[PDB]
Amino acid sequence: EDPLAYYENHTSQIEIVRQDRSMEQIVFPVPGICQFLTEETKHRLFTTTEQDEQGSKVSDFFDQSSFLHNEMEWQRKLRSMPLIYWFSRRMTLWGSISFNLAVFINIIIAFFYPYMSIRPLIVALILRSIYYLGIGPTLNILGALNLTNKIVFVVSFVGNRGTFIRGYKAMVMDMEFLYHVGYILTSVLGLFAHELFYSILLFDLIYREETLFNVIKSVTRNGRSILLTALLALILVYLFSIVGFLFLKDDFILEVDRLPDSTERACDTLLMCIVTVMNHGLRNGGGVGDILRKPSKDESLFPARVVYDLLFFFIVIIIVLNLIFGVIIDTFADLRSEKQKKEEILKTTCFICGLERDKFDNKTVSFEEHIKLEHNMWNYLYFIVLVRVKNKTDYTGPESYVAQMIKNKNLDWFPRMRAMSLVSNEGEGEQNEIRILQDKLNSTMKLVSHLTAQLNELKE
Amino acid sequence: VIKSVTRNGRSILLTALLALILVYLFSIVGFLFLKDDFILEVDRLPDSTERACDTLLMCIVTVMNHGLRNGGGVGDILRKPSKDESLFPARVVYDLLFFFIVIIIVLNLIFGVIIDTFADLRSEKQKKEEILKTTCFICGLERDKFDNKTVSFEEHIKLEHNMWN
Amino acid sequence: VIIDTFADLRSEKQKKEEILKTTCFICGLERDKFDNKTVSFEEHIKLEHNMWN
Amino acid sequence: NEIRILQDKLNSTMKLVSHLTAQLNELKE
Ligand SMILES: Nc1ncnc2c1ncn2[C@@H]1O[C@H](COP(=O)(O)OP(=O)(O)OP(=O)(O)O)[C@@H](O)[C@H]1O
Ligand SMILES: Nc1ncnc2c1ncn2[C@@H]1O[C@H](COP(=O)(O)OP(=O)(O)OP(=O)(O)O)[C@@H](O)[C@H]1O
Ligand SMILES: Nc1ncnc2c1ncn2[C@@H]1O[C@H](COP(=O)(O)OP(=O)(O)OP(=O)(O)O)[C@@H](O)[C@H]1O
Ligand SMILES: [Zn+2]
Ligand SMILES: [Zn+2]
Ligand SMILES: [Zn+2]
């Protein structure tokens, strides 16, 4: 409607650094393709970027610029097809439907197996179907619905993500696609192979919830340390089993129950001793001594038995076992620290230049205004898209220089720790003051020269 | 102390649900294979044993109660197999897996989350106290700036930049 | 005590790694100083202030 | 205040230079 509003919408301003190292401002019309970028992809890129050793995220953004352009092209192509776009828009809804159906099937299986908001309405309908037809028919209907809904969800996922644009090898490489395929296979097995298979779909909950995923990460982040601690515990149990087999063989007596003798020697063979220890002592709070025969005070070896039990309890159980829990707690602390650091850097520094918010205070332009307008990353992405799109013959001075920089694989044109508004105004003021001082000095020198000329003329 | 738990209650509940899912899978495995060994002694008010795994739901309930309440795990209540039994190695493997996954790792996640919540609360309290007691409420200026100057930071807040003024 | 020892070891390792990878070995100058200058910090350590030299 | 003192000194120097130039012009005339 308003020409000025339309032109302002399509106009983007950026700050760049030339070879001379003097900052410059480029105002350009945003390419039409750039508008097609989805905001979900923008948020994912903003939150996913990882700073390099230099402390700048610009390299990853530049690398992902090409993928973003391809995503824009694929989004336009998808817009060309209303039905595929509509399916893509509802991918989350399909995923939720599939998860809810799997949960309902699992609940029914758990409640009645073996056999033979709208969510309350769905539950009532499921109960009515169970009563009218039975558990078998209702489970079959729910399984078929879940399989079809998950297939639709996967179709929408592949359509929306555009991962096929990367290539079929990329499709196979994407872990999420393989996980969805595995979910579909599990649903298929549940529908036909056996109902209990649907229980596996419960693991999908981990993918759905992020807090549970973080709790699991707390363990899997340092899984190698936990496994090594378990191996050390196994080695200690092996040594202790050797000691018991050599010396305490008799005391290894375990009560036994036989299906249609009440005790057995569970340490006849050193391997059997190791197995018995590794099972009972690890499962026993006191240790191996809990299951081993209780020695009387009269027994000569009773002090040795007490020493052995105390050593086992203090080493294998008290210390070694607690190492896994300590490692898990330390992993929790490390994850919390990393998350806090990442959030602070993201929300308190400029993405492009890395400048802190503290610098922009007490100045004409605030930090928020700086990021919103002066140093918007998407403006730089749009400039890159324009440079690629624009013909070389039509390249403007700064545009030609930036295209040459892109060809040279150099990111110097990206500003680093430099902002126009923060330093340029003060520098201009200082330069004006210095120029005034220089003009005064030049006037004084001219007056001195005139006086010298007058003196020379008088002498002559 | 209560906040330390309620602050991240969602994570604790999700960990409990994950433990329930693991117990459900393990109950499925036992019902399919280890159905016989699920024998529990019973006391009757005025048989001394019962099969607590006749139905998969009953197996799930029995595991979720006894194994979670048992330090060793489900294997503590399950019938003890003799070395002669063919399935004894399978029973030992099942018990070890249960103890190492459901009890050793998954259960400790709740305690780790509680400890991490304690640490987060302590850090937040320290940051808030430091900001309150070392910076100006109105202008946010630090106390370090006002030292070596005519007007001290305390005088600045008391008179120059009093919020109530 | 074991948990506190874990935390202390993690803190010491983080501090040592940060100092090693963000400061000059010879002069101790931080990487932040060399930015916005003709010679970068990495170039400084590689050529200007190489310990092996 | 320091900058104002410096500016006053510069203005006095400029006034002296202008007076010298005027005297030279008068002598030439
Ligand atoms: N260089 C940057 N540093 C930090 N945050 C940035 C930077 N560039 C953009 N952001 C933030 O990323 C998000 C993307 O901003 P964007 O300009 O896309 O906003 P928008 O409201 O979708 O756009 P518009 O209203 O101008 O059509 C916003 O939170 C913006 O503050
Ligand atoms: N801007 C500020 N920044 C930090 N602390 C402040 C600020 N303004 C007030 N305070 C503190 O808040 C409390 C309120 O101070 P206030 O002037 O009300 O003191 P008062 O002793 O009750 O008053 P009075 O003695 O002047 O009648 C004091 O601790 C004061 O130091
Ligand atoms: N003063 C220093 N501060 C920090 N790191 C340094 C310093 N001097 C050297 N390094 C690093 O220590 C390692 C040793 O560098 P060195 O010069 O030996 O490299 P090189 O590749 O083996 O040698 P060249 O390629 O020159 O034959 C490199 O990582 C270098 O960056
Ligand atoms: Zn910036
Ligand atoms: Zn103040
Ligand atoms: Zn150096």
# chains A, B, ... in the order shown; residues from 1 in each chain; ligands from 1
>>> interface_residues(of="chain C", to="chain A", cutoff="12 Å", atoms="only C-alpha atoms", output="JSON list (two decimals) with C-alpha atoms, in the first residue's frame")
[["chain", "number", "residue", "atom", "x", "y", "z"],
["C", 1, "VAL", "CA", 34.52, -35.87, 49.84],
["C", 2, "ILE", "CA", 34.85, -37.98, 46.69],
["C", 3, "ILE", "CA", 32.31, -35.79, 44.87],
["C", 4, "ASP", "CA", 34.08, -32.62, 46.01],
["C", 5, "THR", "CA", 37.37, -34.07, 44.78],
["C", 6, "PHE", "CA", 35.75, -34.74, 41.41],
["C", 7, "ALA", "CA", 34.59, -31.12, 41.27],
["C", 8, "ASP", "CA", 38.03, -29.80, 42.25],
["C", 9, "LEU", "CA", 39.75, -31.92, 39.60],
["C", 10, "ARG", "CA", 37.30, -30.74, 36.94],
["C", 11, "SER", "CA", 37.86, -27.10, 37.91],
["C", 14, "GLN", "CA", 39.32, -26.52, 33.01],
["C", 18, "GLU", "CA", 41.88, -22.46, 29.34],
["C", 21, "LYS", "CA", 44.83, -22.60, 24.93],
["C", 22, "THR", "CA", 44.01, -18.90, 25.48],
["C", 30, "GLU", "CA", 45.85, -13.17, 26.31],
["C", 31, "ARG", "CA", 44.39, -13.84, 22.87],
["C", 32, "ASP", "CA", 41.88, -11.02, 23.32],
["C", 33, "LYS", "CA", 44.67, -8.43, 23.13],
["C", 34, "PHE", "CA", 45.87, -9.45, 19.66],
["C", 35, "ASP", "CA", 42.45, -9.19, 18.01],
["C", 36, "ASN", "CA", 41.67, -6.04, 16.02],
["C", 37, "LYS", "CA", 45.43, -5.76, 15.34],
["C", 38, "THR", "CA", 47.72, -6.43, 12.39],
["C", 40, "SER", "CA", 46.75, -12.25, 15.24],
["C", 41, "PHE", "CA", 47.37, -14.17, 18.45],
["C", 42, "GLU", "CA", 47.86, -17.45, 16.58]]
>>> residues_near_ligand(ligand="ligand 4", cutoff="9 Å", atoms="only C-alpha atoms and all ligand atoms", output="JSON, numbers by chain")
{"A": [15, 349, 350, 351, 352, 353, 354, 355, 356, 367, 370, 371, 374, 375, 376, 377, 415, 416, 417, 418, 419, 420]}
>>> write_last_selection(atoms="N, CA and C atoms", output="PDB file, in the first residue's frame")
ATOM      1  N   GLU A  15      27.215  -3.846   7.664  1.00  0.00           N
ATOM      2  CA  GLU A  15      28.519  -3.221   7.831  1.00  0.00           C
ATOM      3  C   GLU A  15      29.599  -4.232   7.473  1.00  0.00           C
ATOM      4  N   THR A 349      25.957 -11.246  23.771  1.00  0.00           N
ATOM      5  CA  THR A 349      26.987 -10.854  22.820  1.00  0.00           C
ATOM      6  C   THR A 349      26.402 -10.853  21.414  1.00  0.00           C
ATOM      7  N   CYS A 350      27.041 -10.085  20.535  1.00  0.00           N
ATOM      8  CA  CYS A 350      26.615 -10.002  19.145  1.00  0.00           C
ATOM      9  C   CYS A 350      27.089 -11.233  18.382  1.00  0.00           C
ATOM     10  N   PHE A 351      26.184 -11.827  17.606  1.00  0.00           N
ATOM     11  CA  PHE A 351      26.507 -13.051  16.879  1.00  0.00           C
ATOM     12  C   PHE A 351      27.600 -12.806  15.845  1.00  0.00           C
ATOM     13  N   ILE A 352      27.516 -11.692  15.117  1.00  0.00           N
ATOM     14  CA  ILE A 352      28.433 -11.462  14.004  1.00  0.00           C
ATOM     15  C   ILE A 352      29.791 -10.996  14.514  1.00  0.00           C
ATOM     16  N   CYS A 353      29.809  -9.923  15.303  1.00  0.00           N
ATOM     17  CA  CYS A 353      31.055  -9.306  15.736  1.00  0.00           C
ATOM     18  C   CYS A 353      31.512  -9.765  17.114  1.00  0.00           C
ATOM     19  N   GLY A 354      30.641 -10.393  17.898  1.00  0.00           N
ATOM     20  CA  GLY A 354      31.021 -10.849  19.219  1.00  0.00           C
ATOM     21  C   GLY A 354      31.106  -9.763  20.265  1.00  0.00           C
ATOM     22  N   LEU A 355      30.693  -8.541  19.941  1.00  0.00           N
ATOM     23  CA  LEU A 355      30.783  -7.444  20.895  1.00  0.00           C
ATOM     24  C   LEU A 355      29.769  -7.630  22.017  1.00  0.00           C
ATOM     25  N   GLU A 356      30.175  -7.270  23.230  1.00  0.00           N
ATOM     26  CA  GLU A 356      29.330  -7.447  24.400  1.00  0.00           C
ATOM     27  C   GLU A 356      28.280  -6.342  24.484  1.00  0.00           C
ATOM     28  N   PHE A 367      22.533  -1.879  22.383  1.00  0.00           N
ATOM     29  CA  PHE A 367      22.956  -3.185  21.886  1.00  0.00           C
ATOM     30  C   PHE A 367      21.821  -3.886  21.148  1.00  0.00           C
ATOM     31  N   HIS A 370      21.458  -2.417  17.898  1.00  0.00           N
ATOM     32  CA  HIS A 370      22.594  -2.812  17.073  1.00  0.00           C
ATOM     33  C   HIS A 370      22.356  -4.170  16.426  1.00  0.00           C
ATOM     34  N   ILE A 371      21.939  -5.162  17.215  1.00  0.00           N
ATOM     35  CA  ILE A 371      21.727  -6.490  16.641  1.00  0.00           C
ATOM     36  C   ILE A 371      20.526  -6.470  15.706  1.00  0.00           C
ATOM     37  N   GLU A 374      21.727  -2.915  12.968  1.00  0.00           N
ATOM     38  CA  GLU A 374      23.082  -2.667  12.487  1.00  0.00           C
ATOM     39  C   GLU A 374      23.775  -3.957  12.064  1.00  0.00           C
ATOM     40  N   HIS A 375      23.682  -5.002  12.882  1.00  0.00           N
ATOM     41  CA  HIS A 375      24.452  -6.226  12.689  1.00  0.00           C
ATOM     42  C   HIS A 375      23.542  -7.445  12.667  1.00  0.00           C
ATOM     43  N   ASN A 376      22.463  -7.382  11.892  1.00  0.00           N
ATOM     44  CA  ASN A 376      21.574  -8.527  11.763  1.00  0.00           C
ATOM     45  C   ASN A 376      22.225  -9.596  10.892  1.00  0.00           C
ATOM     46  N   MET A 377      22.289 -10.825  11.413  1.00  0.00           N
ATOM     47  CA  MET A 377      22.926 -11.912  10.674  1.00  0.00           C
ATOM     48  C   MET A 377      22.184 -12.209   9.378  1.00  0.00           C
ATOM     49  N   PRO A 415      32.685  -8.082  10.002  1.00  0.00           N
ATOM     50  CA  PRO A 415      33.261  -7.293  11.096  1.00  0.00           C
ATOM     51  C   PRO A 415      33.528  -8.155  12.318  1.00  0.00           C
ATOM     52  N   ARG A 416      34.594  -7.808  13.036  1.00  0.00           N
ATOM     53  CA  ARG A 416      35.009  -8.538  14.228  1.00  0.00           C
ATOM     54  C   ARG A 416      35.391  -7.535  15.304  1.00  0.00           C
ATOM     55  N   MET A 417      34.634  -7.526  16.400  1.00  0.00           N
ATOM     56  CA  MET A 417      34.891  -6.630  17.529  1.00  0.00           C
ATOM     57  C   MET A 417      34.886  -5.165  17.095  1.00  0.00           C
ATOM     58  N   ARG A 418      34.153  -4.850  16.028  1.00  0.00           N
ATOM     59  CA  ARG A 418      34.077  -3.498  15.494  1.00  0.00           C
ATOM     60  C   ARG A 418      32.625  -3.151  15.204  1.00  0.00           C
ATOM     61  N   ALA A 419      32.183  -1.993  15.688  1.00  0.00           N
ATOM     62  CA  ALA A 419      30.832  -1.497  15.457  1.00  0.00           C
ATOM     63  C   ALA A 419      30.902  -0.051  14.992  1.00  0.00           C
ATOM     64  N   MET A 420      30.139   0.274  13.946  1.00  0.00           N
ATOM     65  CA  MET A 420      30.130   1.642  13.436  1.00  0.00           C
ATOM     66  C   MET A 420      29.679   2.628  14.505  1.00  0.00           C
TER      67      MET A 420
END
>>> select_by_dssp(residues="chain B", states="strand (DSSP E or B)", output="list in words")
residues 39, 40, 41, 49, 50, 51, 135 and 142 of chain B
>>> residues_around(residues="residue 104 in chain B", least_positions_apart="5", cutoff="12 Å", atoms="only C-alpha atoms", output="list in words")
residues 219, 226, 230, 282, 283, 317, 321, 322, 323, 324, 325, 326 and 328 of chain A; 19, 68, 70, 71, 72, 73, 96, 97, 98, 99, 109, 110 and 111 of chain B
>>> residues_near_ligand(ligand="ligand 6", cutoff="6 Å", atoms="only C-alpha atoms and all ligand atoms", output="short mmCIF file (atom, residue, chain, number, x, y, z; two decimals) with N, CA and C atoms, in the first residue's frame")
data_model
loop_
_atom_site.label_atom_id
_atom_site.label_comp_id
_atom_site.auth_asym_id
_atom_site.auth_seq_id
_atom_site.Cartn_x
_atom_site.Cartn_y
_atom_site.Cartn_z
N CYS C 24 49.56 -16.79 25.83
CA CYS C 24 50.89 -17.05 25.28
C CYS C 24 51.76 -17.71 26.34
N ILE C 26 55.08 -17.89 26.56
CA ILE C 26 56.28 -17.16 26.96
C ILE C 26 55.90 -15.90 27.74
N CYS C 27 55.06 -15.05 27.15
CA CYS C 27 54.75 -13.76 27.74
C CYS C 27 53.46 -13.76 28.55
N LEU C 29 50.49 -13.26 27.49
CA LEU C 29 49.50 -12.34 26.96
C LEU C 29 48.28 -13.10 26.46
N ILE C 45 51.99 -16.50 18.39
CA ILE C 45 52.61 -17.66 19.03
C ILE C 45 53.40 -18.46 18.00
N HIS C 49 56.48 -15.39 19.06
CA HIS C 49 56.83 -15.83 20.41
C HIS C 49 56.81 -17.35 20.52
#
